[PDB]
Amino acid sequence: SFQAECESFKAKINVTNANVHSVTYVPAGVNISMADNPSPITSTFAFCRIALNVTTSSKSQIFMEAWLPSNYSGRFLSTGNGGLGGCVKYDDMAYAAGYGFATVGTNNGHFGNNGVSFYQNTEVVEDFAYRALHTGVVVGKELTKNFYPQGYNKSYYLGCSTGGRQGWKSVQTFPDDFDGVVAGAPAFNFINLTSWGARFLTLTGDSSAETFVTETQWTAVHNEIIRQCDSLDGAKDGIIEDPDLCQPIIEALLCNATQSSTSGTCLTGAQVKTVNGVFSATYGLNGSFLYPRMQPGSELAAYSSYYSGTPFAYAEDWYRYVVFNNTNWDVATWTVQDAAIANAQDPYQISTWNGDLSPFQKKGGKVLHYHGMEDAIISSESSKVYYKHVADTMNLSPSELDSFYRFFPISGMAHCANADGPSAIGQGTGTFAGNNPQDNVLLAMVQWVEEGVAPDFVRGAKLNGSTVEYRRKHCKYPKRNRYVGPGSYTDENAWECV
């Protein structure tokens, strides 16, 4: 039986410098156990579950899992990580393994979503920057070939945020790891992203500062952005389809004489200047471009991530434990000088900004990149600047890039999750809205790789719990989606990519 062959496979495993913790059989219809997930998902499929550590240096190691389904498709898949973790993405493992992929995930070289394990340990950094992900691919392919007589044919990657960065690190630096890569909201330009995150507190101050903008004021700011910008795409639907067109004039919210900013409905000049800073690109020494602006429209959730007047953990950790080796360093004191030090350091090219994709192109790889337009954690503009960087570095036009690299801005989408629009594009269980390839980016990538049928658009649904209210076809960049009618803006065919 599949089960019996699983439950005695441990003895066959031959991975070097590794410690196999368990080999278990997981039937369909159980909540998958999580005792190895540091301080539930119902399987709809059976699989063989291998958990192990792999040593990656004299001072570092990974934890990883491989999920080898009984209903195996002959395809291998790696998931990735989030933040500064540290945490296997079991949700995405289940998503992929449900489609019959031999699926792996690693902890990225440490446990927990924080940087403390980097302190005085450059090898744990090297794992975070590239090596943990690639190790999980190498070991996962070994396990998969050992378990299934037929081995695997094509290899895929699914990940968002840090996982988006990890997919792009694969494309740029390990072209042979994957045939098809689905990379969302990527944490590439990583050092400058991290700096940009630190910059927010320097602009806002703490909650007592004259520069601070309250949450109710951010809501007013949000509403005024919607007013100025919603209709630019042609549809008055509460959604900024393409924030590039939105260049908001926040001075519209300066208080009139009968109003006080304490009411939350208007802002002072100093407060407006904070908000303008949020909506401005960050430049460094010598006037070099560091990071784009926050795209307008992400305000509600961006209050939680960045604007609340408290230190941004990821940056605090990165600067304390990687940049400066100073556990007491006060992120509020961040400056562009600090950013220049961090950039010079760029450990293991975690920047992940190589624009020359030729090796991956020439080996026949395909990469589908997306980013949400309401992203409150990683500005979508970063992904558009990256696309331009690839085009200009390779000297390849968009229509030439389309042979191997297609990028889809998603309206109405948050950070690796739904927002309030047609965001459910099938990048994971949380964004699932069907199995037609046009509706599911994972299955679109299998179609592109195996049948040559390339995504011209990425269709997303606006869900109400489980019900599809409407869908929209998100355009292939650089085309812009515009509402033209004659039907309602809920009619996908009332939109055109131009």
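Don't overthink the numbering: it's just position in the shown sequence, from 1.
In this entry, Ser39 is separated from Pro40 by 4 to 9 residues of the deposited sequence that have no coordinates.
In this entry, 206 to 214 has the higher mean Cα B-factor, the comparison being between 206 to 214 and 266 to 274.
Per-stretch averaging of Cα B factors for 227 to 235 and 85 to 93 places 85 to 93 on top. The residue among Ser170, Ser423, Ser195, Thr333 whose C-alpha carries the highest B-factor in the deposited model is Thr333. The maximum CA B-factor among the listed residues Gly180, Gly163, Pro292, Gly98, taken from the PDB record, is found at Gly98. Ranked by Cα temperature factor within the chain, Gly284 sits in the highest third according to the deposited record.
Sort the chain's modelled residues by C-alpha temperature factor and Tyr483 lands in the middle third, per the entry. Residue-level temperature factors show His371 in the lowest third of its chain, judged at the C-alpha atom. Ranked within its chain, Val441 lands in the lowest third, by CA B factor from the PDB record.
In the PDB entry, a CA B factor belonging to the middle third of its chain's modelled residues is recorded for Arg131.
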